[PDB]
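# Report on the structure
For reference, the chains in residue letters:
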Amino acid sequence: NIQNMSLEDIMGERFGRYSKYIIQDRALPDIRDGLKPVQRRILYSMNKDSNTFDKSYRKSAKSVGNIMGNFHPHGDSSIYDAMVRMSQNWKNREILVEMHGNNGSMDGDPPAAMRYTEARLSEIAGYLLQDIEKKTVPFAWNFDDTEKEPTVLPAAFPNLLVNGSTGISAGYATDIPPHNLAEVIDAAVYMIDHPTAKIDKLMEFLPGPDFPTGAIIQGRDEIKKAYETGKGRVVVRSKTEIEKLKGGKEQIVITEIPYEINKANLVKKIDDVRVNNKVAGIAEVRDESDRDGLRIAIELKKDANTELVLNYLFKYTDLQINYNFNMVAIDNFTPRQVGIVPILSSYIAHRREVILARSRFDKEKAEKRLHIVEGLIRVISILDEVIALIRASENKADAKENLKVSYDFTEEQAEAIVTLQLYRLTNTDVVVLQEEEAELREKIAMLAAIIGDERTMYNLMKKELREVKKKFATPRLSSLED
Amino acid sequence: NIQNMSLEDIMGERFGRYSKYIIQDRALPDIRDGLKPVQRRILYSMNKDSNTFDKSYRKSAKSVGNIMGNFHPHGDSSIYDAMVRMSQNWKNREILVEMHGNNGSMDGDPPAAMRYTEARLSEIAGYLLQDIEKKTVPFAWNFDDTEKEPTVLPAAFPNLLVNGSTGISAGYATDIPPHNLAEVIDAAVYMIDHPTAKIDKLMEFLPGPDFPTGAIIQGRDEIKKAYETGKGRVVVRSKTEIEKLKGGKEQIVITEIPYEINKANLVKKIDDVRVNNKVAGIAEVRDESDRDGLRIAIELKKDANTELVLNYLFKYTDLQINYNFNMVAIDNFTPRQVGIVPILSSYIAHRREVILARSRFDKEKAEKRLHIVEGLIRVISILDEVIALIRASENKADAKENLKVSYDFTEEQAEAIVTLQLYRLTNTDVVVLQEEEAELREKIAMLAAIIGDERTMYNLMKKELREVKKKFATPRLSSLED
Amino acid sequence: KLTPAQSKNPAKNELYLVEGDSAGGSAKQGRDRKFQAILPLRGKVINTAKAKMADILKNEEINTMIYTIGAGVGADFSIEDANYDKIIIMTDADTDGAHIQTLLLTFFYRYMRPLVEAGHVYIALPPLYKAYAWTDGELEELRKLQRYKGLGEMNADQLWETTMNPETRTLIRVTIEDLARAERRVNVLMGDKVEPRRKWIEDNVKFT
Amino acid sequence: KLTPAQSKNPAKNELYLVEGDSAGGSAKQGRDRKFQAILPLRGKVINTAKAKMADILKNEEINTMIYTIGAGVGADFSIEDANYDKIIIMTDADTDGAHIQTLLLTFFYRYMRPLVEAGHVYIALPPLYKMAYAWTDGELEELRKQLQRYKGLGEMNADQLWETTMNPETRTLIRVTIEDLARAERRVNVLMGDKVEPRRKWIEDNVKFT
DNA sequence: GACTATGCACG
DNA sequence: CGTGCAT
DNA sequence: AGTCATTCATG
DNA sequence: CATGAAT
Ligand SMILES: N[C@@H]1CCN2c3c(F)cc4c(=O)c(C(=O)O)cn(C5CC5)c4c3COC[C@H]12
Ligand SMILES: N[C@@H]1CCN2c3c(F)cc4c(=O)c(C(=O)O)cn(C5CC5)c4c3COC[C@H]12
Ligand SMILES: [Mg+2]
Ligand SMILES: [Mg+2]
Ligand SMILES: [Mg+2]
Ligand SMILES: [Mg+2]
Ligand SMILES: [Mg+2]
Ligand SMILES: [Mg+2]
């Protein structure tokens, strides 16, 4: 009716349970696909439901609830909130979810409720899922025990670096900034040819982060330190033009701001300086952003030191800030502080297991069909005899022992033949089959090569990484300086 | 760029627009299946999804989101709140939804949030959907114009009366109380045999409402009035015993209360009588209801006129209320005030439409096959020549054409024949086929009769109604008096 | 509540009364901030015929609306001391959208009559289809489809192009043609008395 | 917020601290209104090892726990003036359930040491399974000879809860006793304290990620 | 349908 | 102080 | 995750 | 004042 427990021997068990879980399965990304599980499920789920870039939008509530009843047993709102972020193009460098309707803003105001918005996977996310139908990735049982889910996605590009993460667990947290997709691929590709690549060389391809929010990044030194140890402190500064106004008045105009910064607060906190007269000479602050462009006018008074105002704002507001790398992720089930190399290596590693897994799957398919086709080619030259033989059999099974015994077909061939629809006897054309049998032998040859030669496989992996780069490559947004 | 309209003309197109919709398509039940469109959408969706009484419960959020994306384009909350109500056994006489988890109480604390609960259709609910897959009810397009949805359900029992409806719209409202399944079915069966049946006689079978919260319904005359004109004011009074207590004191003990009355608010409003002392003699009010019983003890003082108190509470609380019939429903797309008679009439007419529709369907199926089977029985008489004709044909199309022209097979059979799997050639048993040819001819004769004989048809309808009664019938809860 | 225009200007400034916090949000985004303010109507606007003038003034959407226009209510109402050249009611192209337009219109007729008779009160017609079409007759001619179920599924750049751009927007102006025929029409649809409304509905609504 | 027991009585009355309003409400229905009180813990509970005693006295859960147990808090805490003879923590059987147990316990330890030291702080073990009921994956596999996998408390109807966890003569129940007083201050401080390094290291030393 | 407070790690 | 999955 | 207000008709 | 689908 009652058992007793130590306070020590309890907090131990309890907190250890929550510690483990919130680390492996909540707050930190897998080092290969760059996803926290809630994100992976959203993606796997929408994909299963055919909710993709090429097809109509689904009401969000439908996507969410299906997630929540098939894979993720948590708040509907948490799931929605996550889904919304993956769609905000000022937090993700390369957005994974497209969403019709109010999905927030840089001004921080809240997105429309899950009942109003429609959504679907971005074309890019498709590549995160590529080949999943092909037994290329380890599946686990879902909380129900009713359906298998993937533990990691195939990742046809290296999501972790491209879209970043962040990041608060127990005993560990993570902040990984987003990166220009093309650069990361350039790095990965070099490292594929050059396993032992030093950070310095990789940095000729992958020079630093590329924020979707744009702006100026400063600190080659700390960027190296970060790419080496997983931690570093870089500086992000706002992009700023200076316009002359009539009457000898000048105007500081802001066109880009620092990652993770709320435009609306920033604007107040600046007007806050003006109001408090903290720095001499500010006439008026004005957010002049509109549906197609960010723009903050900080018009100053006549005879005002414009370099004094700008410098003060950079220091005492968020017009310029510190970004801190804290690159933590989950490798062999453990949290792991990691730099550029443990990342790209793990990615390449994984891209390997996948291409290998995929290539067996396809080989085996092609083998089985080649087998059937080989049988169908013989059948044709003995069509009549075969028909006659079947006609003479007592039933289905007997027709097969007869096809075997009399013509040495295999079970699998016999089955194929015996289940052919009558009208097929009008398709008696060997040369089309002989063309497929050839198509097939070549396919099997190519795949076998992939499977038995590490170099051949890595070149596949480069051909593909490049294809992705050609398809999704876009210009840098953040400039660098040191 | 800008065009003007009258106030008189703008309030017209607006209020007419809204009115029409909120009457035909929101607040009021179809007179035949008893459902407002949201409830119907709820049941049809869950059913399409196999979320049925015989299968694991689903997370409510999955269901709700699926309703919202396929059929009901509105609040996820509204939809849920509806779903939850169809599952509260103290609002519905016969609940259509089974929900695991906190779905509320007669104390009217709110149900657990959509994210916690699970649900499925009740067994009886299935009977509302019986035969929907046989083209027995008109379908329309959803808002998407992507999916059809039923405009009314097949209603294998008469839901409108059994479960009730309420009931606020524009220019109209509706209050129909629930009734005993068995009593309603008994009435409908009588009317089937006696179309011109008078109310007085129908009331021998269906003497009054049967609230699921039971209690005492007083006013045989107004029940009549209501069954006649669809309006009528009746009295509902709580079931009360009186216990003596060791002290010369007495206790009033409430065990059933009036439909739609909040137990927690009642208990409070009564204690308010005690606390204000509007009436002398109340010592304590105790809600003593547990998970398997309703019980409110009103402990009186010594020398305290218990008739006087009980009468006061009946008057100045909801211990006793008036219930007003306002039976409005949708007959022919129109809001219509109706009594017992057009209700049973419309039901019966509906069940006829269904049974006719259903029998045409099953018949068309039986025929399409019996036709195939005839062809096959022939093919065997001429197997060798049919194989030779296919052998000699150029392709599926040409073969079908040859079977038609050379042997008078029809398209449908020429299709069947040509798409037979080779192993079928093994068989020559014409008997088994013949047995099926018989079973099929019999089935068609049976179904044709139904369609062609109004009485055969009505007999079937009675038979079915009775099965439903034998299966789901349960005793009265509310007693009657005048 | 209110998201205000940047610069105060009676001659140009426009007031957008949006049905919904959600759409209120797409409006803040798609608008032109220099002269377009946004006031969401969160929930169904009170009926200003049925309710008591007591509970009418203790109403949040009625307060912030009389106060955001700065002319006051009743006959203490100065149309010269307004705050907007135009006032724009923007709702979903749905039934409840219609209903809302219907309640807002009775409030202005009842308690700011000058504004409607001065032609300052408009109604935005959002698109029904997507080129863009407003009628099922304007679409089938555009076939030589995304079906908007409400403002909430429209993106800011789209909302502007189709219904907020003072140079690309279709815009209905409310006028009082026959003052006394507009008092009956209004008092019957929105009044406290049910029976007259039923008859109106019966006579004018074609259930088919 | 609080649902009181119908009869005051420190000798029998139980206080149920339930994870969340949904389940708090299921418990409101399944209880025995004569001696069982329910107090919903709406949300994650404040870490009283990290936060400043100021922000602590200003937190509604802690205040309405201290002021319904009727014994004040801290060193001005008379054990004799309590209201309940058994305080029952009842949380979903999930990780975050486990997390709450962690936080509530650190609080009693920290600001009501006399209440646990006297064995008045219990923990309800809800059922993990239903095919009857089973608590351990081992207690399960034995039933399949003689499965609804409870994902939380909010998925159970009231007559279910009462029978398996709330009914005094049918419930399994943990009693939190303190064995090594000085070896708890350390176990608690490592895990719930402000300093982060120790906790990271304790996780590295005890949690097997396998 | 927007609002409100917590945990967790990190400058 | 704010970040983002959780309660 | 509970909470707040309004429509609509009726007694 | 409470009802139940809607904003
Ligand atoms: N005591 C706290 C103040 C209010 N509050 C919230 C909340 F603010 C947000 C949220 C949410 O945003 C939220 C979500 O689904 O995203 C869920 N909850 C509830 C489970 C706690 C919230 C709660 C819980 O209620 C109590 C606490
Ligand atoms: N101005 C009103 C006060 C608070 N309130 C509610 C509300 F109380 C409930 C609800 C709901 O219960 C509710 C639901 O989906 O069930 C929806 N809404 C919003 C669409 C109006 C509600 C709103 C709207 O916000 C404003 C109004
Ligand atoms: Mg939240
Ligand atoms: Mg700064
Ligand atoms: Mg609501
Ligand atoms: Mg009464
Ligand atoms: Mg709408
Ligand atoms: Mg839980």
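Residues numbered from 1 in each chain as written, not as in the entry; some residues may be left out. Chains lettered and ligands numbered in written order. Heavy atoms only, no water. Residues with missing side-chain atoms left out of burial classes, pairs and counts.

Method of structure determination, per the deposited record: X-ray crystallography was used for this entry, reaching 3.240 Å resolution.

### So, the overall build of chain C
The following threshold applies: Working definition: helices are DSSP H or I runs of at least four residues, strands are E runs of at least two. Numbering for both runs from the N terminus.
If you tally the helices and strands in chain C, you get nine helices and five strands. When the helices and strands of chain C are placed in sequence order, the string is β-α-β-α-α-β-α-α-β-α-α-β-α-α. Dimensions of chain C, computed from C-alpha atoms along their principal axes, come out at roughly 50 × 50 × 30 Å.

### Digging into the side chain of A:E149
Our working definition: The contact rule is simple, with two residues in contact once any of their heavy atoms fall within 4.5 Å.
Relative to the helices and strands, A:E149 is located in strand β6 (residues 148-150). The residues contacting A:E149, other than those within four sequence positions of it, are A:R41, A:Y44, A:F71, A:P138, A:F139, A:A140, A:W141 and A:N142.

### Some remarks on the interface of chain A and chain B
Operational definition: Ten residue types, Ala, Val, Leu, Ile, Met, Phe, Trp, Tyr, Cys and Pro, are classed as nonpolar, four, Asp, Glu, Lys and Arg, as charged, and the remainder, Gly among them, as polar.
On the chain B side, the residues contacting the 31 residues of chain A number 31 residues. Taken together, the elements giving at least two residues each to the side of chain A that touches chain B come down to α3 (60-70), α13 (383-392), α14 (396-407) and α15 (411-418) of chain A. Here the side of chain A that touches chain B gets seven residues from one element, more than from any other, and that element is α3(A). Of the residues assigned to the side of chain A that touches chain B, the class counts are 12 nonpolar, 11 polar and eight charged.

### With respect to the UniProt feature "active site" in chain A
To keep things clear, this is the line we draw: UniProt positions are given in the numbering used here, feature names are shortened, and annotations may be inferred rather than shown by experiment.
The UniProt feature table records "active site" at A:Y116. One can find A:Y116 in the loop between β3 (97-100) and β4 (118-121). Excluding its chain neighbours within four sequence positions, the residues that come into contact with A:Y116 are C:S22, C:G152 and C:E153.

### Structural notes on the sheet that holds strand β3 (residues 86-90) of chain C
Put simply, the rule reads: Pairs of strands are assigned from DSSP output, requiring at least two bridges between the strands. Under this scheme, a helix contributes an axis fitted over its contacting stretch, all axes are lines through C-alpha atoms, and angles between N-to-C directions fall in the 0 to 180 degree range.
An order of β1(B)-β5(C)-β4(C)-β3(C)-β1(C)-β2(C) is seen for the six strands of this open sheet, with the pairing classed as mixed. For this open sheet the edge positions go to β1 (3-6) of chain B together with β2 (36-41) of chain C, each flanked by a neighbour on one side alone. Averaged over all neighbouring strand pairs, the angle between strand axes comes to 30°, with direction disregarded. In terms of strand pairing, strand β1 (residues 14-19) of chain C meets β3(C) through five bridges, oriented parallel. Within the sheet, the bridge partner assigned to C:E14 lies in β3(C) and is C:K86.

### Examining the pairing of strand β16 (residues 328-331) of chain A
Residues and elements named next belong to chain A. In this structure, β16 lies alongside strand β17 (residues 334-337), joined through four bridges in antiparallel fashion. Residue pairing across strands places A329 opposite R336, the latter belonging to β17. Where β16 folds back onto β17 in an antiparallel hairpin, the turn is made up of two residues, including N332, whose phi is positive at roughly 25°.

### With respect to the relation of the copies chain A and chain B
Operational definition: Superposition of the copies is carried out by least squares, using only their C-alpha atoms.
Expressed as a screw transformation, the operator carrying chain A onto chain B has a rotation angle of 180° and an axial translation of 0.3 Å, and the superposed copies differ by an RMSD of 1.1 Å. Here the transformation between the copies is reduced to the relation of a two-fold axis. Across chain A, the smallest distance between a C-alpha and the rotation axis is recorded for A:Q421, namely 2.4 Å. Comparing contact sets, 97% of the residues at the interface of chain A also lie at the interface in chain B, consistent with an isologous, same-surface contact.

### Digging into the UniProt feature "domain: Toprim" in chain C
Listed under "domain: Toprim" in the UniProt record, and renumbered for this structure, are residues 13-127 of chain C. Helix and strand shares over residues 13-127 of chain C are 39% and 18% respectively, and the end C-alpha atoms of the span are 23 Å apart.

### Quick look at the environment of B:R476
All names here are of chain B. What counts here: For this analysis, a polar contact is any N or O atom pair within 3.5 Å, provided that within protein one partner can donate a hydrogen and the other can accept it, and provided that sequence-adjacent residues contribute only side-chain to side-chain pairs.
Relative to the helices and strands, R476 resides in the loop between α17 (454-472) and β18 (478-481). Along the backbone, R476 and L181 are 295 residues apart, and their C-alpha atoms lie at a distance of 9.4 Å. When sequence neighbours within four positions are dropped, the list of residues in contact with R476 reads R93, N180, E183, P207, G208, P209 and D210. A polar atom in the side chain of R476 sits 3.5 Å from the backbone oxygen of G208. Here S478 takes part through its backbone oxygen, which lies 2.8 Å from a polar atom of the side chain of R476.

### As for the sheet that holds strand β4 (residues 121-124) of chain D
Pairing between the strands of a sheet is mediated by backbone hydrogen bonds and can be parallel or antiparallel. Ordered by their spatial adjacency, six strands build an open sheet running β1(A)-β8(D)-β4(D)-β3(D)-β1(D)-β2(D), and the pairing between neighbours is mixed. The open sheet has two edge strands with one neighbour each: β1 (3-6) of chain A together with β2 (36-41) of chain D. Going across the sheet, the axis of each strand differs from the next one's by a mean of 30°, ignoring polarity. In the sheet, strand β1 (residues 14-19) of chain D pairs with β2(D) via six bridges, with the strands oriented parallel. The residue bridging D:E14 from the neighbouring strand is D:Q36, located in β2(D). Running over the sheet, helix α7 (residues 158-166) of chain D touches β1, β2 and β3 (86-90) of chain D and is turned about 105° from β2(D).

### Some remarks on the packing of helix α7 (residues 181-193) of chain A against helix α17 (residues 454-472) of chain A
All names here are of chain A. As a reminder, the rule being used: What sets the label is the angle itself: under 35 degrees gives roughly parallel, over 145 gives roughly antiparallel, 65 to 115 gives roughly perpendicular, and the rest give oblique. If you view the pair so one helix is near and one far, a crossing is left-handed when the near helix is turned anticlockwise from the far one by less than a right angle, and right-handed when it is turned clockwise.
Interhelical geometry of α7 versus α17 gives an angle of 165° and a closest axis separation of 10 Å. As summarised for this structure, α7 and α17 are arranged roughly antiparallel, according to the angle between their axes. The way α7 lies across α17 gives a crossing that is left-handed. Residue-level inspection shows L181, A182, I185, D186, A188, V189, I192 and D193 of α7 in contact with α17, the latter providing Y458, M461, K462, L465, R466, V468, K469 and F472. Residues of the contact of α7 with α17, tallied by class, amount to 11 nonpolar, no polar and five charged.

### Here we look at helix α7 (residues 181-193) of chain B
Operational definition: Expected helix span is taken as 1.5 Å per residue step, with the number of steps being one fewer than the number of residues.
Given a rise of 1.5 Å per residue, 13 residues ought to cover 18 Å, and the 19 Å separating the end C-alpha atoms of α7(B) matches this to within 8%. Where α7(B) begins, the side chain of B:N180 points an oxygen toward the backbone nitrogen of B:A182, at a separation of 3.1 Å.

### A few points about the pattern of salt bridges
What counts is decided by this rule: Salt bridge criterion: a side-chain nitrogen from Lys or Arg within 4 Å of a carboxyl oxygen from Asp or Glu.
Of the charged contacts in the structure, one is a salt bridge between A:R32 and A:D30, with a shortest N-O distance of 2.9 Å. For B:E284, the salt bridge goes to B:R286, with nearest N and O atoms at 3.5 Å. Three or more residues joined by partner-sharing salt bridges are found here, namely A:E243, A:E284, A:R286, A:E288, A:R295 and A:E299.

### Considerations on the interface of chain D and chain B
Each side of the interface is counted separately: chain D has 15 residues, and chain B has 15 residues. Every element with two or more residues in the side of chain D that touches chain B is listed here: α1 (21-30) and α7 of chain D. In terms of residue class, the side of chain D that touches chain B is made up of three nonpolar, eight polar and four charged.

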